[PDB]
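Enquirer: any chance you could fold what I've pasted below:
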Amino acid sequence: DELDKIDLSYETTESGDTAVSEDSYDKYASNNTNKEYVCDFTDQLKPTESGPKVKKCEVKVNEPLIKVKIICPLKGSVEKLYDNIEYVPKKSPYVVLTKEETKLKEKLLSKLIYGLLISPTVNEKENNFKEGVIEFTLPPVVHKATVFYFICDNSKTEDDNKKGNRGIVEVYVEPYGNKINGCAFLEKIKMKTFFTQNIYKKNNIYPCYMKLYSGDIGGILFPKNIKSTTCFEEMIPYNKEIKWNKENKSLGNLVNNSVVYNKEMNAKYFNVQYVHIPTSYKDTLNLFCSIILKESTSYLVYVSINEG
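Expert: Numbers count the residues shown, from 1 in each chain. Below is the structure:
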């Protein structure tokens, strides 16, 4: 592809071309709102006489499934304040930067954290600084601490005696979680080390069967030759838990205040879907769903919540 092509010769630093030391950095916290960690640079990179200063957005991750939002105003958002702005890496958040020694070089995030969702469109518009903002939703588990950076530099812009600043976002991920209460339909290891059950194509015995409780999370790694899936769009119960509505089959229509991620499977790197159980859901429920194949050869999946 071209949206993830990395320049192996690229190099840069935190201070960039400002000669500033890490101590003089203006480190601040992200405005987090309902599992959404935010780094807004609109009112932070405005030129100042005392510039070019360096503002650092700290992002500390010790929890799962944080929707990350990063802002880097566009050239001309204000008439003259961002006339010479630069955001790096260009093809973000597909491409990111990691600290090799003291300098930085390009790295692919999907190749660094498996199971991360990067919807190519935010508010109907592309997911790139060209449209002014970038988003991405984290995975539910991480094995090793991962640190990468973003860049949003307005220092090259000047408003008479004032000068813009160099914006940077540091993401210090801490090891959280262990595995997924889900199934794995089958470089390649991170597929196997993330689920409790593995489902092989040629000869499978047990179908998918993911067990859940109140406040736990599960997921699925859908196959490579998938035709369709109904495991969060159309759920069906069996035996006798509750009288069934033939239309309230979407996971959102089944449990109030439930969550689904990548319901449309539009993510670029992986064909995956996730869910979350609110801490207020104390009702027991057991459901079923199916999956399709290109061949119709279908697999099945089971769901159990608070089954105790």
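Enquirer: skip the chain neighbours and tell me the closest residue to residue 251.
Expert: Excluding the flanking residues, the one nearest residue 251 by C-beta to C-beta, 6 or more residues apart in numbering is residue 232, at 4.6 Å. The C-beta positions use only the backbone N, C-alpha and C, and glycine is treated the same way.
Enquirer: now do the contacts for the one residue sitting closest to the centre of the chain.
Expert: Nearest to the mean C-alpha position of the chain, counting by C-alpha atoms, centre = their mean, stands residue 137 at 2.2 Å. Residue 137 makes contact with 65-68, 116-119, 261-262, according to C-beta atoms under 8 Å, 6 or more residues apart in numbering.
Enquirer: now intersect those with the helices, please.
Expert: Among the contacts of residue 137, DSSP state H puts none in helices.
Enquirer: what ranges do the helices span in the stretch 51-200 of the chain?
Expert: For the stretch 51-200 of the chain, applying DSSP state H, counting those that start in this stretch gives helices covering 189-192.
Enquirer: roughly how far apart are the residue nearest to residue 251 and residue 256?
Expert: Distance of residue 232 to residue 256, given as C-beta to C-beta, to the nearest Å: 15 Å.
Enquirer: ok, back up a step: helix or strand for the residue nearest to residue 251, which one?
Expert: Taking DSSP states H and E as the definition, residue 232 sits outside all helices and strands.
Enquirer: surely it touches residue 249?
Expert: No: counting by C-beta atoms under 8 Å, residue 232 does not reach residue 249; the two are 9.8 Å apart.
Enquirer: give me the more crowded residue out of these two.
Expert: residue 232 (23 against 18; other C-beta atoms under 10 Å).
Enquirer: next, the more buried one: phi, psi?
Expert: The phi and psi values for residue 232, taken as degrees, to the nearest 10, are phi -140, psi 0.
Enquirer: mind listing what it touches?
Expert: When contacts are counted by C-beta under 8 Å, 6+ apart, residue 232 touches 250-251, 260, 263, 273, 275, 289.
Enquirer: what about residue 118, how many residues nearby?
Expert: Neighbours around residue 118, by other C-beta under 10 Å: 21.
Enquirer: how near is the closest residue to it other than its chain neighbours to residue 119?
Expert: Nearest-residue entry for residue 118: residue 136, 4.7 Å, with adjacent residues in sequence omitted and distances by C-beta to C-beta, 6+ apart. Per C-beta to C-beta, residue 136 is found 8 Å from residue 119.
Enquirer: residues that sit against both of these two, list them.
Expert: residue 127.
Enquirer: who has more neighbours, those two?
Expert: Remark: of residue 136 and residue 119, residue 136 carries more neighbours, 22 against 16, as counted by other C-beta under 10 Å.
Enquirer: next, the contact list for the more buried one, please.
Expert: Counting by C-beta under 8 Å, 6+ apart, residue 136 touches 67-68, 93, 109, 116-119, 127.
Enquirer: send the alpha carbons of stretch 181-200 over as CSV?
Expert: The C-alpha atoms that make up stretch 181-200 are tabulated as CSV, following Å, rounded to 0.1, in the frame of the first residue of the first chain:
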residue,chain,number,x,y,z
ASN,A,181,-12.6,-14.0,26.1
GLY,A,182,-13.1,-15.0,22.5
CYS,A,183,-12.0,-17.1,19.6
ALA,A,184,-9.2,-17.1,17.0
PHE,A,185,-10.2,-18.3,13.5
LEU,A,186,-7.2,-19.6,11.6
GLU,A,187,4.2,-12.2,12.5
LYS,A,188,1.4,-14.8,12.9
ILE,A,189,1.9,-15.4,16.6
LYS,A,190,0.0,-12.3,17.8
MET,A,191,-3.1,-14.0,16.4
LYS,A,192,-2.6,-17.0,18.6
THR,A,193,-1.5,-15.3,21.8
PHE,A,194,-4.6,-13.1,22.1
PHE,A,195,-7.6,-15.5,22.4
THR,A,196,-8.6,-18.3,24.7
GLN,A,197,-9.9,-20.6,21.9
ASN,A,198,-8.4,-21.3,18.4
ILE,A,199,-10.6,-22.4,15.5
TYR,A,200,-8.8,-24.2,12.6
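Enquirer: so how far is that stretch off the chain centroid?
Expert: In terms of C-alpha atoms, centre = their mean, to the nearest Å, the centre of stretch 181-200 is set 19 Å apart from its chain centre.
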